[PDB]
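Have a look at model-v2.pdb; it's PDB, C-alpha atoms and all ligand atoms:
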```pdb
ATOM      1  CA  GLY A   1     210.430  61.355  61.006
ATOM      2  CA  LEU A   2     209.822  63.748  63.885
ATOM      3  CA  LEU A   3     206.805  65.361  62.210
ATOM      4  CA  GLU A   4     205.050  62.004  61.829
ATOM      5  CA  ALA A   5     206.120  60.700  65.247
ATOM      6  CA  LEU A   6     204.660  63.668  67.152
ATOM      7  CA  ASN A   7     201.519  63.878  64.962
ATOM      8  CA  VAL A   8     202.353  67.379  63.744
ATOM      9  CA  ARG A   9     199.370  69.085  62.109
ATOM     10  CA  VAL A  10     199.429  72.304  60.072
ATOM     11  CA  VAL A  11     195.899  73.589  59.449
ATOM     12  CA  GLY A  12     194.374  76.952  58.608
ATOM     13  CA  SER A  13     194.745  79.612  55.929
ATOM     14  CA  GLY A  14     196.029  82.513  58.037
ATOM     15  CA  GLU A  15     199.188  84.483  57.342
ATOM     16  CA  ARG A  16     200.695  84.317  60.853
ATOM     17  CA  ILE A  17     201.860  81.161  62.627
ATOM     18  CA  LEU A  18     200.070  80.034  65.799
ATOM     19  CA  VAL A  19     201.542  77.108  67.749
ATOM     20  CA  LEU A  20     199.343  75.181  70.193
ATOM     21  CA  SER A  21     201.129  72.944  72.702
ATOM     22  CA  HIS A  22     199.201  70.900  75.260
ATOM     23  CA  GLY A  23     199.871  69.881  78.851
ATOM     24  CA  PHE A  24     200.445  66.613  80.666
ATOM     25  CA  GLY A  25     197.665  64.042  80.510
ATOM     26  CA  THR A  26     196.193  65.047  77.143
ATOM     27  CA  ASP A  27     197.179  65.566  73.498
ATOM     28  CA  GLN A  28     196.429  68.055  70.718
ATOM     29  CA  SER A  29     192.734  67.089  70.855
ATOM     30  CA  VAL A  30     192.530  69.291  73.971
ATOM     31  CA  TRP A  31     192.352  72.221  71.513
ATOM     32  CA  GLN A  32     189.456  70.808  69.475
ATOM     33  CA  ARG A  33     186.784  73.118  70.906
ATOM     34  CA  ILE A  34     188.720  76.363  70.263
ATOM     35  CA  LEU A  35     190.604  75.366  67.090
ATOM     36  CA  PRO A  36     187.991  76.437  64.460
ATOM     37  CA  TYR A  37     188.055  80.073  65.582
ATOM     38  CA  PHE A  38     191.709  80.811  64.763
ATOM     39  CA  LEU A  39     192.091  79.286  61.273
ATOM     40  CA  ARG A  40     191.051  82.504  59.501
ATOM     41  CA  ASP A  41     193.825  84.744  60.842
ATOM     42  CA  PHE A  42     196.428  82.068  61.660
ATOM     43  CA  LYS A  43     198.003  78.953  60.212
ATOM     44  CA  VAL A  44     197.923  76.739  63.291
ATOM     45  CA  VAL A  45     200.656  74.226  64.131
ATOM     46  CA  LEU A  46     199.612  71.499  66.566
ATOM     47  CA  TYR A  47     201.597  68.528  67.827
ATOM     48  CA  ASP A  48     201.619  65.951  70.612
ATOM     49  CA  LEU A  49     204.213  65.930  73.363
ATOM     50  CA  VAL A  50     206.329  62.777  73.280
ATOM     51  CA  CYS A  51     204.576  61.547  76.448
ATOM     52  CA  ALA A  52     201.072  61.589  74.936
ATOM     53  CA  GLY A  53     199.400  58.215  74.487
ATOM     54  CA  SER A  54     198.753  59.139  70.847
ATOM     55  CA  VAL A  55     202.543  59.043  70.317
ATOM     56  CA  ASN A  56     204.120  55.614  69.886
ATOM     57  CA  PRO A  57     205.943  55.033  73.214
ATOM     58  CA  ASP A  58     208.897  53.674  71.224
ATOM     59  CA  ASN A  59     209.707  57.375  70.738
ATOM     60  CA  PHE A  60     209.932  58.066  74.488
ATOM     61  CA  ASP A  61     213.602  57.945  75.509
ATOM     62  CA  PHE A  62     213.624  57.841  79.313
ATOM     63  CA  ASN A  63     217.270  58.941  79.416
ATOM     64  CA  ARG A  64     216.684  61.802  76.978
ATOM     65  CA  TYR A  65     213.383  63.113  78.373
ATOM     66  CA  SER A  66     214.518  63.205  82.006
ATOM     67  CA  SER A  67     214.903  66.962  81.390
ATOM     68  CA  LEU A  68     212.429  69.491  80.019
ATOM     69  CA  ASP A  69     215.191  70.607  77.630
ATOM     70  CA  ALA A  70     214.480  67.513  75.522
ATOM     71  CA  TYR A  71     210.883  68.674  75.100
ATOM     72  CA  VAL A  72     212.268  72.066  74.045
ATOM     73  CA  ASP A  73     214.524  70.279  71.551
ATOM     74  CA  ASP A  74     211.471  68.606  69.999
ATOM     75  CA  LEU A  75     209.535  71.874  69.706
ATOM     76  CA  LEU A  76     212.445  73.720  68.092
ATOM     77  CA  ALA A  77     213.174  70.849  65.701
ATOM     78  CA  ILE A  78     209.530  70.847  64.574
ATOM     79  CA  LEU A  79     209.523  74.596  63.914
ATOM     80  CA  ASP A  80     212.907  74.374  62.178
ATOM     81  CA  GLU A  81     211.755  71.531  59.922
ATOM     82  CA  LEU A  82     208.655  73.597  59.076
ATOM     83  CA  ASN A  83     210.877  76.608  58.217
ATOM     84  CA  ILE A  84     208.992  78.697  60.794
ATOM     85  CA  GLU A  85     211.113  81.696  61.799
ATOM     86  CA  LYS A  86     208.470  83.581  63.811
ATOM     87  CA  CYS A  87     205.295  82.519  65.596
ATOM     88  CA  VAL A  88     202.930  83.128  68.480
ATOM     89  CA  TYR A  89     202.969  80.233  70.940
ATOM     90  CA  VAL A  90     200.199  79.057  73.279
ATOM     91  CA  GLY A  91     201.467  76.707  75.965
ATOM     92  CA  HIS A  92     199.081  74.871  78.279
ATOM     93  CA  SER A  93     200.474  73.845  81.676
ATOM     94  CA  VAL A  94     203.943  72.329  81.213
ATOM     95  CA  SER A  95     204.042  73.491  77.581
ATOM     96  CA  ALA A  96     204.056  77.054  78.925
ATOM     97  CA  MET A  97     207.431  76.454  80.580
ATOM     98  CA  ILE A  98     208.560  74.642  77.420
ATOM     99  CA  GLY A  99     207.735  77.808  75.494
ATOM    100  CA  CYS A 100     209.622  79.971  77.990
ATOM    101  CA  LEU A 101     212.744  77.805  77.741
ATOM    102  CA  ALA A 102     212.475  77.759  73.944
ATOM    103  CA  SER A 103     212.213  81.559  73.813
ATOM    104  CA  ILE A 104     215.472  81.820  75.768
ATOM    105  CA  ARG A 105     217.233  79.586  73.232
ATOM    106  CA  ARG A 106     215.639  81.388  70.246
ATOM    107  CA  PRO A 107     214.853  84.978  71.285
ATOM    108  CA  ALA A 108     213.714  86.058  67.801
ATOM    109  CA  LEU A 109     211.518  83.010  67.124
ATOM    110  CA  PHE A 110     208.617  83.786  69.495
ATOM    111  CA  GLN A 111     206.686  87.001  68.892
ATOM    112  CA  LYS A 112     204.440  86.432  71.924
ATOM    113  CA  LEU A 113     203.991  83.668  74.504
ATOM    114  CA  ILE A 114     200.509  82.901  75.829
ATOM    115  CA  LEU A 115     200.782  80.968  79.095
ATOM    116  CA  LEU A 116     197.663  78.935  79.924
ATOM    117  CA  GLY A 117     197.548  77.350  83.373
ATOM    118  CA  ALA A 118     201.270  77.997  83.797
ATOM    119  CA  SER A 119     203.338  77.395  86.922
ATOM    120  CA  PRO A 120     207.136  77.588  87.339
ATOM    121  CA  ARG A 121     207.034  75.350  90.435
ATOM    122  CA  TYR A 122     204.276  73.263  92.030
ATOM    123  CA  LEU A 123     206.086  72.533  95.297
ATOM    124  CA  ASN A 124     205.651  75.115  98.031
ATOM    125  CA  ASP A 125     208.732  77.052  99.134
ATOM    126  CA  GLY A 126     208.299  79.272 102.177
ATOM    127  CA  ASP A 127     205.867  82.024 101.228
ATOM    128  CA  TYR A 128     205.844  80.774  97.623
ATOM    129  CA  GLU A 129     202.538  78.904  97.334
ATOM    130  CA  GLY A 130     202.996  76.356  94.568
ATOM    131  CA  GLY A 131     200.007  74.366  95.827
ATOM    132  CA  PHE A 132     201.708  71.089  96.769
ATOM    133  CA  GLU A 133     204.045  69.606  99.351
ATOM    134  CA  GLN A 134     206.362  66.665  98.754
ATOM    135  CA  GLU A 135     203.902  64.438 100.627
ATOM    136  CA  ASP A 136     201.235  65.440  98.095
ATOM    137  CA  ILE A 137     203.247  64.476  95.014
ATOM    138  CA  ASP A 138     204.546  61.348  96.762
ATOM    139  CA  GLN A 139     200.918  60.315  97.257
ATOM    140  CA  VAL A 140     200.313  60.920  93.539
ATOM    141  CA  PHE A 141     203.237  58.678  92.573
ATOM    142  CA  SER A 142     202.096  56.022  95.049
ATOM    143  CA  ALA A 143     198.573  56.087  93.604
ATOM    144  CA  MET A 144     199.793  55.695  90.019
ATOM    145  CA  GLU A 145     201.898  52.674  91.005
ATOM    146  CA  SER A 146     199.299  50.826  93.087
ATOM    147  CA  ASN A 147     196.265  51.434  90.847
ATOM    148  CA  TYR A 148     196.573  53.611  87.744
ATOM    149  CA  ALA A 149     192.825  53.710  87.058
ATOM    150  CA  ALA A 150     192.108  54.829  90.626
ATOM    151  CA  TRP A 151     194.561  57.691  90.135
ATOM    152  CA  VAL A 152     193.010  58.701  86.799
ATOM    153  CA  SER A 153     189.491  58.801  88.247
ATOM    154  CA  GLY A 154     190.749  61.117  90.991
ATOM    155  CA  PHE A 155     192.922  63.369  88.852
ATOM    156  CA  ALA A 156     190.665  63.915  85.830
ATOM    157  CA  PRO A 157     187.542  65.459  87.459
ATOM    158  CA  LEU A 158     189.615  67.576  89.856
ATOM    159  CA  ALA A 159     191.810  68.852  87.020
ATOM    160  CA  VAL A 160     188.699  69.816  85.043
ATOM    161  CA  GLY A 161     187.366  71.321  88.272
ATOM    162  CA  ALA A 162     183.975  72.534  87.098
ATOM    163  CA  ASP A 163     181.123  70.055  86.622
ATOM    164  CA  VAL A 164     181.527  69.660  82.862
ATOM    165  CA  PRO A 165     181.056  65.935  82.107
ATOM    166  CA  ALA A 166     182.206  66.237  78.484
ATOM    167  CA  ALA A 167     185.540  67.711  79.593
ATOM    168  CA  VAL A 168     185.991  65.070  82.304
ATOM    169  CA  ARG A 169     185.256  62.373  79.720
ATOM    170  CA  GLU A 170     187.842  63.766  77.293
ATOM    171  CA  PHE A 171     190.592  64.244  79.885
ATOM    172  CA  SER A 172     189.923  60.794  81.357
ATOM    173  CA  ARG A 173     190.171  59.295  77.865
ATOM    174  CA  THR A 174     193.607  60.744  77.100
ATOM    175  CA  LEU A 175     194.838  59.881  80.603
ATOM    176  CA  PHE A 176     193.780  56.243  80.173
ATOM    177  CA  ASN A 177     195.438  56.351  76.731
ATOM    178  CA  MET A 178     198.792  57.045  78.428
ATOM    179  CA  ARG A 179     201.181  54.255  79.370
ATOM    180  CA  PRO A 180     201.320  54.056  83.196
ATOM    181  CA  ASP A 181     205.121  53.981  83.473
ATOM    182  CA  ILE A 182     205.450  57.004  81.176
ATOM    183  CA  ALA A 183     202.744  58.858  83.117
ATOM    184  CA  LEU A 184     204.634  58.230  86.365
ATOM    185  CA  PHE A 185     207.962  59.283  84.835
ATOM    186  CA  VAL A 186     206.638  62.511  83.306
ATOM    187  CA  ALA A 187     204.551  63.490  86.341
ATOM    188  CA  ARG A 188     207.771  63.383  88.364
ATOM    189  CA  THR A 189     209.364  65.652  85.753
ATOM    190  CA  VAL A 190     206.576  68.236  85.976
ATOM    191  CA  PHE A 191     205.682  68.030  89.672
ATOM    192  CA  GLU A 192     209.319  68.393  90.780
ATOM    193  CA  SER A 193     210.270  71.142  88.314
ATOM    194  CA  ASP A 194     211.385  74.643  89.298
ATOM    195  CA  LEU A 195     211.818  77.202  86.507
ATOM    196  CA  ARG A 196     211.600  80.277  88.763
ATOM    197  CA  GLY A 197     215.274  81.039  88.148
ATOM    198  CA  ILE A 198     215.032  81.433  84.366
ATOM    199  CA  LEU A 199     211.858  83.548  84.256
ATOM    200  CA  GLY A 200     213.940  86.734  84.214
ATOM    201  CA  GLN A 201     215.729  85.567  81.059
ATOM    202  CA  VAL A 202     212.444  85.383  79.118
ATOM    203  CA  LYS A 203     212.372  88.675  77.213
ATOM    204  CA  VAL A 204     209.438  88.215  74.799
ATOM    205  CA  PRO A 205     205.981  89.520  75.803
ATOM    206  CA  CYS A 206     203.941  87.018  77.813
ATOM    207  CA  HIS A 207     200.170  86.935  78.317
ATOM    208  CA  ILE A 208     199.197  84.945  81.418
ATOM    209  CA  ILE A 209     195.742  83.335  81.313
ATOM    210  CA  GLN A 210     194.707  82.084  84.756
ATOM    211  CA  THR A 211     191.381  80.614  85.796
ATOM    212  CA  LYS A 212     189.645  81.873  88.927
ATOM    213  CA  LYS A 213     190.029  78.451  90.605
ATOM    214  CA  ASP A 214     192.774  76.073  89.418
ATOM    215  CA  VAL A 215     193.682  73.054  91.547
ATOM    216  CA  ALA A 216     197.140  72.941  89.934
ATOM    217  CA  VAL A 217     197.915  76.685  89.900
ATOM    218  CA  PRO A 218     197.132  79.001  92.841
ATOM    219  CA  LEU A 219     196.296  82.590  91.961
ATOM    220  CA  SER A 220     199.545  83.820  93.533
ATOM    221  CA  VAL A 221     201.469  81.803  90.931
ATOM    222  CA  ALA A 222     199.933  83.873  88.126
ATOM    223  CA  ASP A 223     201.040  87.059  89.874
ATOM    224  CA  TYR A 224     204.458  85.505  90.535
ATOM    225  CA  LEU A 225     204.903  84.963  86.792
ATOM    226  CA  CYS A 226     203.782  88.552  86.177
ATOM    227  CA  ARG A 227     206.458  89.961  88.486
ATOM    228  CA  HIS A 228     209.386  87.740  87.478
ATOM    229  CA  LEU A 229     209.176  87.251  83.706
ATOM    230  CA  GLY A 230     211.774  89.527  82.139
ATOM    231  CA  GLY A 231     209.590  91.047  79.424
ATOM    232  CA  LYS A 232     206.205  92.704  78.990
ATOM    233  CA  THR A 233     203.663  90.677  80.969
ATOM    234  CA  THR A 234     199.897  90.869  81.417
ATOM    235  CA  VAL A 235     197.622  88.679  83.543
ATOM    236  CA  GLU A 236     193.981  87.939  82.751
ATOM    237  CA  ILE A 237     191.668  85.932  85.004
ATOM    238  CA  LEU A 238     189.372  83.484  83.237
ATOM    239  CA  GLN A 239     186.042  83.717  85.079
ATOM    240  CA  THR A 240     185.717  79.945  85.378
ATOM    241  CA  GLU A 241     186.940  76.987  87.426
ATOM    242  CA  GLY A 242     189.434  74.436  86.155
ATOM    243  CA  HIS A 243     192.896  73.598  84.839
ATOM    244  CA  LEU A 244     191.748  72.801  81.265
ATOM    245  CA  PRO A 245     189.475  75.740  80.379
ATOM    246  CA  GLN A 246     189.909  75.144  76.643
ATOM    247  CA  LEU A 247     187.894  71.944  77.224
ATOM    248  CA  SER A 248     185.520  73.051  79.998
ATOM    249  CA  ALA A 249     184.877  76.692  78.982
ATOM    250  CA  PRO A 250     185.923  77.102  75.335
ATOM    251  CA  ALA A 251     183.750  80.153  74.617
ATOM    252  CA  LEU A 252     185.554  82.210  77.265
ATOM    253  CA  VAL A 253     188.960  80.923  76.132
ATOM    254  CA  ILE A 254     188.153  81.878  72.530
ATOM    255  CA  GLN A 255     187.167  85.369  73.697
ATOM    256  CA  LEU A 256     190.316  85.924  75.763
ATOM    257  CA  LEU A 257     192.636  84.335  73.196
ATOM    258  CA  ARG A 258     191.218  86.501  70.398
ATOM    259  CA  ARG A 259     191.955  89.619  72.457
ATOM    260  CA  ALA A 260     195.549  88.596  73.191
ATOM    261  CA  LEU A 261     196.072  87.789  69.487
ATOM    262  CA  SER A 262     194.424  90.946  68.063
ATOM    263  CA  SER A 263     191.976  88.679  66.228
TER
HETATM  264 CL    CL A 301     201.326  69.719  82.737
END
```
When written as structure tokens, how does the structure in this file appear?
Amino acid sequence: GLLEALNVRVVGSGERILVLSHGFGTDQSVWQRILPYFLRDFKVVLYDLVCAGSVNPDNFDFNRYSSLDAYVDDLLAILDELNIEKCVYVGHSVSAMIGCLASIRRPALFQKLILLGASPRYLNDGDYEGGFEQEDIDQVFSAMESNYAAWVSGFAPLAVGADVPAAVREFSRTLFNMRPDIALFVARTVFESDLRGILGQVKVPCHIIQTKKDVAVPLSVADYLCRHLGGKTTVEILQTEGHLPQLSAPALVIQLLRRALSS
């Protein structure tokens, strides 16, 4: 029942497998603007993280999903049930770290990882600029508790970054679709994560796609991933502002993604 519960979709006529995994606050509809342009060369697998509002919250086990490993378990169980033994994986935001952890568990499963808006750690640490202090994320948690709508209206336009009203509308919609207690629980999981230690164990090639101005990911984080991932790594700067460029600048994302995929 995992395929139905996480709204797994297999679409396209291509011969290679492309997996699209979204970040916190949205669902697989975040890929709607770029999805048509990869169905020729790839058979695309999409799914919703267990925390998405489009997933019945009866599936969210707070004990189980206290760790990102449970999200990795879901991803691997989906690919196993689909009999997928090799794929290229695009992970947006937290799904990028989910892909890295999954590649460590299954080194032969992932041919290439494409990290979109990826960060191993959002909290600052000395010269490591993650972009946030504990006071920052504590203010986020406090805002979600006192008034969830007030937090959404502050997070959605700043996450989109650029003045693209259609992208703000879409990201606001999926954020308001999320249950407030789940949003608070999962934000704590992502905001307080630190995967810097396991980056060296990732051996598959990684393509890092970073926007020129991301409120959630400083530029130095993209170069940190480049230097510490244990395999072949390349960094490309999307010439746009925002943390969800597949919504706010799809044409540029399609161009860059086609290059990284040889399509
Ligand atoms: Cl995220």
Env. residues ligand CL 301 (chain A) / 8 Å / only C-alpha atoms and all ligand atoms / as a PDB file with C-alpha atoms, in the frame of the given file:
```
ATOM      1  CA  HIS A  22     199.201  70.900  75.260  1.00  0.00           C
ATOM      2  CA  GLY A  23     199.871  69.881  78.851  1.00  0.00           C
ATOM      3  CA  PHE A  24     200.445  66.613  80.666  1.00  0.00           C
ATOM      4  CA  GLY A  25     197.665  64.042  80.510  1.00  0.00           C
ATOM      5  CA  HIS A  92     199.081  74.871  78.279  1.00  0.00           C
ATOM      6  CA  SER A  93     200.474  73.845  81.676  1.00  0.00           C
ATOM      7  CA  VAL A  94     203.943  72.329  81.213  1.00  0.00           C
ATOM      8  CA  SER A  95     204.042  73.491  77.581  1.00  0.00           C
ATOM      9  CA  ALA A 187     204.551  63.490  86.341  1.00  0.00           C
ATOM     10  CA  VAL A 190     206.576  68.236  85.976  1.00  0.00           C
TER      11      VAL A 190
END
```
Q: Taking the file as shown, find all residues satisfying the PyMOL selection byres (((chain A and resi 243) around 9) and not hetatm) and write them as a PyMOL selection string.
A: chain A and resi 93+116-117+158-161+210-211+213-217+241-242+244-246+248
(Q) I'd like to see the residues matched by the PyMOL selection byres (((chain A and resi 29-35) around 10) and not hetatm) on this file, and ideally I'd get them as a PyMOL selection string. (A) chain A and resi 11-12+20-23+25-28+36-39+44+46-48+54+92+167+170-171+174+244-255+257
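Neighbouring residues of residue 152 of chain A at 9 Å or closer, counting only C-alpha atoms and skipping chain neighbours under 6 positions away, are residues 144, 172, 175 and 176 of chain A.
What the PyMOL selection byres (((chain A and resi 222-229) around 6) and not hetatm) matches in the given file is residues 199, 200, 202, 219, 220, 221, 230, 231 and 233 of chain A.
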Next, write the just-selected residues to a file, as a PDB file, in the coordinates of the input, keeping C-alpha atoms as the atom set.
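Saved result, selection-v9.pdb, follows:
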```pdb
ATOM      1  CA  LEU A 199     211.858  83.548  84.256  1.00  0.00           C
ATOM      2  CA  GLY A 200     213.940  86.734  84.214  1.00  0.00           C
ATOM      3  CA  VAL A 202     212.444  85.383  79.118  1.00  0.00           C
ATOM      4  CA  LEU A 219     196.296  82.590  91.961  1.00  0.00           C
ATOM      5  CA  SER A 220     199.545  83.820  93.533  1.00  0.00           C
ATOM      6  CA  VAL A 221     201.469  81.803  90.931  1.00  0.00           C
ATOM      7  CA  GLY A 230     211.774  89.527  82.139  1.00  0.00           C
ATOM      8  CA  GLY A 231     209.590  91.047  79.424  1.00  0.00           C
ATOM      9  CA  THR A 233     203.663  90.677  80.969  1.00  0.00           C
TER      10      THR A 233
END
```
Atoms are missing here; could segment 121-134 of chain A be completed with N, CA, C and O atoms and written as a PDB file, in the frame of the given file?
```pdb
ATOM      1  N   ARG A 121     206.705  76.275  89.359  1.00  0.00           N
ATOM      2  CA  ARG A 121     207.034  75.350  90.435  1.00  0.00           C
ATOM      3  C   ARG A 121     205.774  74.994  91.213  1.00  0.00           C
ATOM      4  O   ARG A 121     205.073  75.884  91.706  1.00  0.00           O
ATOM      5  N   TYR A 122     205.473  73.702  91.324  1.00  0.00           N
ATOM      6  CA  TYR A 122     204.276  73.263  92.030  1.00  0.00           C
ATOM      7  C   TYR A 122     204.526  73.019  93.510  1.00  0.00           C
ATOM      8  O   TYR A 122     203.593  73.127  94.314  1.00  0.00           O
ATOM      9  N   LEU A 123     205.759  72.703  93.889  1.00  0.00           N
ATOM     10  CA  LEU A 123     206.086  72.533  95.297  1.00  0.00           C
ATOM     11  C   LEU A 123     206.120  73.881  96.004  1.00  0.00           C
ATOM     12  O   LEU A 123     206.626  74.872  95.469  1.00  0.00           O
ATOM     13  N   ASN A 124     205.568  73.916  97.214  1.00  0.00           N
ATOM     14  CA  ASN A 124     205.651  75.115  98.031  1.00  0.00           C
ATOM     15  C   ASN A 124     207.101  75.388  98.423  1.00  0.00           C
ATOM     16  O   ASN A 124     207.951  74.494  98.439  1.00  0.00           O
ATOM     17  N   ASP A 125     207.380  76.653  98.739  1.00  0.00           N
ATOM     18  CA  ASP A 125     208.732  77.052  99.134  1.00  0.00           C
ATOM     19  C   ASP A 125     208.598  78.323  99.980  1.00  0.00           C
ATOM     20  O   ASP A 125     208.608  79.434  99.450  1.00  0.00           O
ATOM     21  N   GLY A 126     208.477  78.136 101.288  1.00  0.00           N
ATOM     22  CA  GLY A 126     208.299  79.272 102.177  1.00  0.00           C
ATOM     23  C   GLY A 126     206.985  79.968 101.883  1.00  0.00           C
ATOM     24  O   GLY A 126     205.911  79.354 101.907  1.00  0.00           O
ATOM     25  N   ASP A 127     207.057  81.267 101.592  1.00  0.00           N
ATOM     26  CA  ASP A 127     205.867  82.024 101.228  1.00  0.00           C
ATOM     27  C   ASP A 127     205.424  81.771  99.795  1.00  0.00           C
ATOM     28  O   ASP A 127     204.310  82.167  99.433  1.00  0.00           O
ATOM     29  N   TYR A 128     206.259  81.141  98.971  1.00  0.00           N
ATOM     30  CA  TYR A 128     205.844  80.774  97.623  1.00  0.00           C
ATOM     31  C   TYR A 128     204.838  79.636  97.708  1.00  0.00           C
ATOM     32  O   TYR A 128     205.181  78.523  98.122  1.00  0.00           O
ATOM     33  N   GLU A 129     203.596  79.910  97.320  1.00  0.00           N
ATOM     34  CA  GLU A 129     202.538  78.904  97.334  1.00  0.00           C
ATOM     35  C   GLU A 129     202.460  78.273  95.950  1.00  0.00           C
ATOM     36  O   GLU A 129     201.812  78.803  95.046  1.00  0.00           O
ATOM     37  N   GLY A 130     203.139  77.139  95.781  1.00  0.00           N
ATOM     38  CA  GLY A 130     202.996  76.356  94.568  1.00  0.00           C
ATOM     39  C   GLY A 130     201.751  75.499  94.539  1.00  0.00           C
ATOM     40  O   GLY A 130     201.278  75.144  93.456  1.00  0.00           O
ATOM     41  N   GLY A 131     201.219  75.153  95.711  1.00  0.00           N
ATOM     42  CA  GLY A 131     200.007  74.366  95.827  1.00  0.00           C
ATOM     43  C   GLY A 131     200.209  72.957  96.342  1.00  0.00           C
ATOM     44  O   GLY A 131     199.219  72.293  96.680  1.00  0.00           O
ATOM     45  N   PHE A 132     201.449  72.476  96.420  1.00  0.00           N
ATOM     46  CA  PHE A 132     201.708  71.089  96.769  1.00  0.00           C
ATOM     47  C   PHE A 132     202.921  70.994  97.681  1.00  0.00           C
ATOM     48  O   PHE A 132     203.866  71.778  97.568  1.00  0.00           O
ATOM     49  N   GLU A 133     202.879  70.027  98.591  1.00  0.00           N
ATOM     50  CA  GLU A 133     204.045  69.606  99.351  1.00  0.00           C
ATOM     51  C   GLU A 133     204.588  68.310  98.761  1.00  0.00           C
ATOM     52  O   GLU A 133     203.965  67.681  97.902  1.00  0.00           O
ATOM     53  N   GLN A 134     205.774  67.913  99.228  1.00  0.00           N
ATOM     54  CA  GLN A 134     206.362  66.665  98.754  1.00  0.00           C
ATOM     55  C   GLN A 134     205.469  65.477  99.090  1.00  0.00           C
ATOM     56  O   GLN A 134     205.351  64.536  98.295  1.00  0.00           O
TER      57      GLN A 134
END
```
